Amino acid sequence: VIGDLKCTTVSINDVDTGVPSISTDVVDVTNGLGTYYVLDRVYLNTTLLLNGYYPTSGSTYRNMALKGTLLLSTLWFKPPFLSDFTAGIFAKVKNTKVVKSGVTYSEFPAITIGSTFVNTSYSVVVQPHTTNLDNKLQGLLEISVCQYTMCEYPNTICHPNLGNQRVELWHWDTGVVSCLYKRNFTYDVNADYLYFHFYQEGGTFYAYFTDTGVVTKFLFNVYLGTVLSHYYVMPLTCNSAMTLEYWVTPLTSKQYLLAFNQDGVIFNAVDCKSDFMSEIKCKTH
């Protein structure tokens, strides 16, 4: 169980198979991927040593995406899918683009980061939403940090035009809900991959993002005053048979050597303590 409101009892499959296999991918930071621009300053034709929240080059992502249609399996809402959120996580999210009746769509999972996922605590939610405006599909990231009454078995659904067996049910809250943060951010519905840094330091939750290139850029922060402990990528139920990828690898406080080109772009990165050559390279400015 994720949150502890019994929101639904419709098409829940509690009988227990094996635990699903989670696909893996090797972390490669060489072209800048996994790094973010420094918000307070732009760098040009230079290379910089700094401390940040970075993944371990050479370790793995896990594809945390769960695609469904009608049946929600209870296994989806436990480890290894409910996972630990310590220092932070770096996300590599495929923008699944499926074509139906002349229209290309934009679908990928939503993620919640929280402690207990009870309405006595604050949970972060990053949920995509698309809407048809002037016969052209636009995309938003709906970002909020609230005292959500999260559900046991939280899911999202795809665009109605792709059809749905299920309603969307990841929290249940009729009244007013206290929110530390809420705003929407647009994203390019034509992007192949979206990239996310989520981390926490000194009671503050941070977030970075990009839908262009491989190097993220500051999205928001908010002071929570508490420590978050878990993340859950929610299953996305839909009638289209589509392929979802939500690759997550942990961040830790590390030292990276980043190279900035003439346009201010991070085009190369080195994880200093990852391998022996990276150690030496960082030790030679």
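Start at 1 with the first residue shown and count on from there.
- Here 168-176 and 106-114 are compared by their mean Cα B-factor, and 168-176 comes out higher.
- Taking only CA atoms, the mean B-factor in the PDB entry is higher for 273-281 than for the other of 273-281 and 16-24.
- Comparing the C-alpha B-factors of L228, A65, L49, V222 in the entry, the top value falls on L49.
- The residue among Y246, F260, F218, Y61 whose C-alpha atom has the highest B-factor in the PDB entry is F260.
- Ranked within its chain, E152 lands in the highest third, by CA B factor from the PDB record.
- Sorting the modelled residues of the chain by their CA temperature factor places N45 in the highest third.
- Remark: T74 belongs to the middle third of its chain, ranked by C-alpha B-factor as recorded.
- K136 sits in the highest third of its chain by CA B factor, as recorded in the PDB entry.
- Remark: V214 belongs to the middle third of its chain, ranked by C-alpha B-factor as recorded.
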